[PDB]
Amino acid sequence: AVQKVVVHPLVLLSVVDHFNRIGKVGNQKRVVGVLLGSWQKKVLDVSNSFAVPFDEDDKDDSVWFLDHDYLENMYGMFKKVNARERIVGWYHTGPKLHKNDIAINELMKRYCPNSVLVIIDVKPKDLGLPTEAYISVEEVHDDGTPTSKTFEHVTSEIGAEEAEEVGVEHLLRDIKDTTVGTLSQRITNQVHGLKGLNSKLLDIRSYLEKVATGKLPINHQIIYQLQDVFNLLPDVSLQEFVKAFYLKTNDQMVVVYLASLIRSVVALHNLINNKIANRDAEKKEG
Amino acid sequence: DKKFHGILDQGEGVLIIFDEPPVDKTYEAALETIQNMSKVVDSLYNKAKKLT
Amino acid sequence: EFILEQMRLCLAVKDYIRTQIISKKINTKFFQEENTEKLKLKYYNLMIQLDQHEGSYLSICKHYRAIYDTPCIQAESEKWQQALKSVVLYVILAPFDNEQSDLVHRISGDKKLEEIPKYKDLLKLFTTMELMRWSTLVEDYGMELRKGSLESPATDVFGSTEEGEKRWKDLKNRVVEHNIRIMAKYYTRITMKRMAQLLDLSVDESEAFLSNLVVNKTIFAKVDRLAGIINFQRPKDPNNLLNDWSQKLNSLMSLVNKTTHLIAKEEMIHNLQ
Amino acid sequence: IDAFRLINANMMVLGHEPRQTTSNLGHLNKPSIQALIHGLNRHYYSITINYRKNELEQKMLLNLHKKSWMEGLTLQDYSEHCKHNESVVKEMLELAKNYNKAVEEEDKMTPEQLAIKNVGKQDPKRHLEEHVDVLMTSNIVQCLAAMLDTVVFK
Amino acid sequence: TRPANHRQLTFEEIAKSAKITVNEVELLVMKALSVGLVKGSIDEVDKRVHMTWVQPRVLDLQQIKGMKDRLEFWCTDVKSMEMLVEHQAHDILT
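Protein chains in written order, with the authors' numbering: chain Z, 5 to 290; chain X, 371 to 422; chain W, 184 to 456; chain c, 157 to 310; chain a, 283 to 376.
Rendered as structure tokens:
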């Protein structure tokens, strides 16, 4: 039902400053808050948020609290200052998918029908995007029971806005890998994307940690997809995969030869334009 | 007369019929650029060779 | 009511060229059936004679469903049994179309059409896999179009021998044709004897069948008449090899994208706390 | 973000010059003429600012703004890459005929006249080296990205 | 069972392992394509079929060793080809 989400740097910092102002608790606190925004054309948007006060003790870790007075009054104020802005879901600070986030969403599903969660990062390091959003889905199957409200990660990206790009790009002033020739492709995906495939390669290796030592569920629903991977290994370099490849490379390097052919003539014409600027200046000035 | 193309065998009358335009648009359009640029370099004598 | 009369007089002269005009006066004049249970139906009973004759086996679609529409007929069930006969003898007769391929789902999903046990199987024939030629078909259904209380539009099949000839033929496309469809779907390359054995007729008649459809270019095929090695859907494809290869790349990276976030929660429902 | 604050009109009536500059930090930015039309220095005063940055936010905006996911590991419309490559070269021919047109008025009237004069009609030079770069970066990226997958994928 | 080397079988082999005659195996495999457990193509004259996609099945703790081994050198393929990119493409962007 939900295609993808749109996340802003304003809400992205707006989790972090609240994490700092609760940062004196030290021991353990997840930053749960109410996620605000819209969605149009089945495209989820997130523009604003705040953070509900929340405490949780480790023993009997099913005792959570949301001050709904703090929900209703501050959301009433935000509706009042912006009737266009509304609720869109919730979020938590999300290191590693805490357990109460199976029924936080059930606790506040009466506000948003697709009451979405967002997992963020407070210790920023990866080789990808540390922004996450699941969705609540329940599907009774033939290998479990009824209540099967598991979470499914809808794809996510950081969306931009003409309002925020000006101030954000002012807030960099530091380093910016522009001048897109070939280098931007070569580095954002030919260097970086292969290491993107490194981690997705490594994740099923981390699952493969169940041969005789790991947890109890063996296969059932993990091996049809991997069976479709090794089924979906591509064609080897023998049949006709060579011939059309040499065909179209044999067509592409023609155009490359044309452009490289003309470029030197351009610089040659400019050198003529410089020697006319030399020879009729040395005698004229002296 | 090239309205139809194929072959005609003489021993028993076989017509192998085949058709594909392989590539026509590319190499000639990249080709006549070259003979433009050759004329350009010929013009570069008359601002370069005689001049300096 | 007056202006719908004289089209029977034009059909007494067999004037299609006027009958469609004066009926084209009244095809927009609908929404008077709500007090006439039969007079709207009398408009339709002259619309067969415009359409049953020449080739209009798809113009009788909305005719036959339109005379299924009328809520008086439902309480004269045996005269309505031949409305169940009418609602099947033209969806099939109609040549292949997307309108046919969802029209089978329009007539399908009916609780009361399957009261005829034959014709649920008759619609089951054209949706599914290969159809029993014709001679093994007429052994199973050529006689049920004579016996029973439903027999009267099947006598509109049988009795008038030229309409008979058109429907023995008005099936001749369909099945002789159906096989050709899934032959083109599944058969990369076949000989000019196995297909003709699957058609139970001559190789010459088989070539006449494979001629008028590829000059219709509704089935693309490149036949042979020295080794008989005929085939289906054979271009050279300098593009779609590596193109569909790249499609397998995209589906591959999406596929490894699928399992990756699925594993982590499965670790979290065993090794969280 | 020129933030201000009032200065005393009482002290303006006194004619006493306020704010007692003890540091070379105030008169660094130069005021706008529109603020000089307004109050500016008769009713208030200017304030210099800066921006409080850390490490923690700078990385988590830098790595989180425009990251292409797996895009360069695609093939970019494998029928139409070469077709678009034709679709530039075809008019690049006649633009090269303009490059066989514009050279031939050199050794002529004072090329600043060739600067004032080319303001109505396009030059083949800049327009040409545009398309050379476009075809270049269009082709080389699809060329290499076509070839990593042959090794990485079997 | 058949590897991705070929995974192409013949009607003689179908008539051997299913002991059903030559003029029924085509109806059998067209029925299999109509159900859609398998996805492939049918050649008649060479009596072979290019079966491509199979219905996925289940397996024990032994086949994950083979999928482990096929994962294993597929890791260092990505390592090996990516090291050319890091080494050769180093001077473009530090």
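We put the CB at the ideal spot given by N, CA and C, even for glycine.
Going along chain a in order, which residues have a C-beta closer than 8 Å to the C-beta of residue i?
i, result
"W:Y369", "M312, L315, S323 and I324"
Within its chain, find whatever has a CB closer than 7 Å to the CB of residue i; leave out the 5 residues flanking it on each side and keep chain order.
i, result
"W:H246", "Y227, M230, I231 and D234"
"W:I256", "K262, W263 and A266"
"X:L385", "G376, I377 and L378"
"Z:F54", "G37, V38 and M78"
"W:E184", "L222"
"c:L196", "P187"
"W:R417", "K405"
Apart from the five residues just before and just after residue i, which ones in its own chain have a Cβ nearer than 6 Å to its Cβ?
i, result
"c:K253", "none"
"Z:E143", "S152"
What in chain c is Cβ-close to residue i, meaning under 8 Å?
i, result
"a:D359", "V307 and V308"
"a:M363", "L304, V307 and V308"
Going along chain Z, which residues have a C-beta under 9 Å from residue i?
i, result
"X:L421", "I276, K279, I280 and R283"
"a:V367", "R190, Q194, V195 and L198"
At what residues does the beta strand (DSSP E) containing residue i begin and finish?
i, result
"W:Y370", "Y370 to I373"
"a:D325", "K321 to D325"
"Z:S140", "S140 to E142"
"W:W317", "Here W:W317 belongs to no beta strand (DSSP E), and DSSP marks it neither H nor E."
"W:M451", "It is not in any beta strand (DSSP E) - W:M451 instead sits in the alpha helix (DSSP H) that spans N423 to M451."
"residue 255 of chain a", "There is simply no residue 255 of chain a to check, as chain a begins at 283 and stops at 376 in what is shown."
"Z:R283", "From DSSP, Z:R283 is part of no beta strand (DSSP E) but of the alpha helix (DSSP H) over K247 to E289."
"a:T292", "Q290 to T292"
"X:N416", "X:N416 -> not in any beta strand (DSSP E); alpha helix (DSSP H) instead, spanning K395 to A418."
Which residue comes first and which comes last in the alpha helix (DSSP H) that contains residue i?
i, result
"c:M303", "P280 to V308"
"Z:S203", "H196 to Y211"
"Z:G80", "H72 to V85"
"W:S206", "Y199 to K207"
"a:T303", "Taken as a continuous stretch (DSSP letters only), a:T303 belongs to no alpha helix (DSSP H), as it is neither H nor E."
"a:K347", "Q345 to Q370"
"c:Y255", "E236 to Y255"
Mind listing the chain X neighbours of residue i? Cutoff is C-beta to C-beta under 9 Å, in chain order.
i, result
"Z:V270", "Neighbours of Z:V270 on chain X: none; closest Cβ ~10 Å, over 9 Å."
Interface residues of chain c around residue i at Cβ under 7 Å?
i, result
"X:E390", "What X:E390 touches in chain c: nothing, since even the nearest Cβ is about 16 Å away."
"Z:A263", "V288, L291 and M292"
"X:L378", "Those do not exist, as X:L378 stays about 35 Å from chain c at its closest Cβ, beyond 7 Å."
"X:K395", "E242"
Give the residues of chain Z in contact with residue i, contact being defined as C-beta atoms less than 7 Å apart.
i, result
"X:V384", "None at all; the shortest Cβ gap to chain Z is about 27 Å."
"W:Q456", "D65 and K103"
"c:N219", "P128"
If the cut is a Cβ gap below 8 Å, which residues of chain W does residue i touch?
i, result
"Z:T154", "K448"
"c:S243", "The contacting residues do not exist; c:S243 stays about 16 Å from chain W at best."
For residue i, which residues from the same chain have a beta carbon less than 8 Å from its beta carbon, with the 5 sequence-adjacent residues on both sides left out?
i, result
"a:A297", "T303, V304 and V307"
"Z:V56", "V36, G37, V38, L70, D71, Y74 and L75"
"c:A159", "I203 and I205"
Give the residues of chain a in contact with residue i, contact being defined as C-beta atoms less than 7 Å apart.
i, result
"W:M312", "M312, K313 and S316"
Can you name the residues of chain X whose CB is closer than 8 Å to the CB of residue i?
i, result
"Z:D255", "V393 and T396"
Below 9 Å on C-beta distance, what does residue i contact in chain W?
i, result
"a:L309", "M312 and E313"
Got a sec: which bits of the region 211 to 228 of chain Z sit with their beta carbon under 9 Å from any beta carbon on chain a, in order along the chain? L212, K214, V215, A216, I222, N223, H224, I227 and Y228
Decide if the region 314 to 324 of chain a is in contact with the region 351 to 369 of chain a; the criterion is three or more beta carbon pairs, one per stretch, under 8 Å apart. no
Below 8 Å, how does it come out for the region 131 to 139 of chain Z and the region 156 to 172 of chain Z: are there three or more Cβ pairs, yes or no? yes
How about the region 295 to 304 of chain a and the region 291 to 301 of chain W: do they share at least three Cβ pairs that are nearer than 8 Å? no
Scan the region 412 to 436 of chain W for residues whose Cβ lies nearer than 8 Å to a Cβ of chain c and list them as they occur along the chain. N422, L425, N426, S429, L432, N433, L435 and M436
The region 205 to 221 of chain c contacting the region 175 to 184 of chain Z, beta-carbon criterion three pairs below 8 Å: yes
Stretch-stretch touch, CB-based, cutoff 8 Å, three pairs: the region 264 to 275 of chain c with the region 240 to 252 of chain Z: no
Within 8 Å of chain a by C-beta, residues of the region 232 to 253 of chain Z in sequence order: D232, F234, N235 and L237
Interface residues of the region 178 to 206 of chain c facing chain W [CB-CB below 9 Å]: none
Examine the Cβ distances between the region 398 to 415 of chain W and the region 353 to 370 of chain W and report whether three or more of them are shorter than 8 Å. yes
When you check each C-beta in the region 263 to 277 of chain c against every C-beta of chain X, which residues fall closer than 9 Å? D263
Would you say the region 193 to 206 of chain Z touches the region 225 to 245 of chain c, given that touching needs at least three Cβ pairs under 8 Å? yes
Contact residues within the region 318 to 352 of chain a, judged by C-beta distance below 7 Å to chain W: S323, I324, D325, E326 and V327
Looking at chain X, which residues of the region 223 to 237 of chain c have a Cβ within less than 9 Å of any of its Cβ atoms? none
Inter-stretch contact (C-beta, 8 Å, three-pair minimum) for the region 5 to 15 of chain Z and the region 39 to 51 of chain Z: yes
I'd like to know if the region 90 to 99 of chain Z and the region 107 to 121 of chain Z are in contact, where contact means that at least 3 CB-CB pairs between them fall below 8 Å. yes
Below 8 Å, can you find three or more Cβ-Cβ pairs linking the region 232 to 249 of chain c to the region 270 to 282 of chain c? no
How do the region 329 to 347 of chain a and the region 227 to 246 of chain Z stand: do at least 3 beta-carbon pairs fall below 8 Å, yes or no? yes
Any contact between the region 200 to 219 of chain Z and the region 424 to 435 of chain W? By contact I mean 3 or more CB pairs, one from each, below 8 Å. no
Would the region 161 to 177 of chain c and the region 433 to 440 of chain W be scored as touching if the rule is three or more Cβ pairs under 8 Å? no
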